[PDB]
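Same chain, two versions here, written out as structure tokens and called structure 1 and structure 2.
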Structure 1
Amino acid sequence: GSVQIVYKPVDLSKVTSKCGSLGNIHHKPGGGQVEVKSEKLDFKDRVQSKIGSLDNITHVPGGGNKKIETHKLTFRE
């Protein structure tokens, strides 16, 4: 019993943008207040956590395009 597998996908795909100008952008939020009160913090087994955060973000990429691919050939016996 002979097994033959050929795995030859092809992609010529493009992910693209064009823009004339980004222009004037004004991030001006009023001052927030964040208060958190807790007594104990027990953490185990791959847990991840964020407490009391206050983030201001002004992300203005001229492109900002993204492509994701995954290929996976798996074999048993």
Structure 2
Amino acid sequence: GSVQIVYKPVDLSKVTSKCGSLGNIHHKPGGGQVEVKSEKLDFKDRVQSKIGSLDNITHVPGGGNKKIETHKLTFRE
């Protein structure tokens, strides 16, 4: 019958990503080749495709760290 909840998810951090310098960083790719031959495609229900996705990437943050807190709750019945 009766119910009582307490939910106090304290969190605390000091996420340091120190660095003095980066210097000579480079990204020097050569371009390859891709080819594809389908005939029919029927995508559905939360797709994220990548056909022929040639891609050269640089993702350099000066100081970096992702941080996640996925909280949830359910008391249906």
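Rigid core here is just the name for the largest C-alpha set that superposes within 1.5 Å across the two forms. FYI, numbering is relative to structure 1, first residue = 1.
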Does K28 count as moved between structure 1 and structure 2, where moved means a C-alpha shift of 2 angstroms or more after fitting the rigid core? no
Under a superposition restricted to the rigid core, does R46 display a Cα displacement of 2 angstroms or more between structure 1 and structure 2? yes
Can you give the C-alpha shift of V10 between structure 1 and structure 2 in Å, rounded to one decimal, after superposing the rigid core? 2.2
By how many angstrom does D55 shift at its CA between structure 1 and structure 2 when the core is held fixed? 0.7
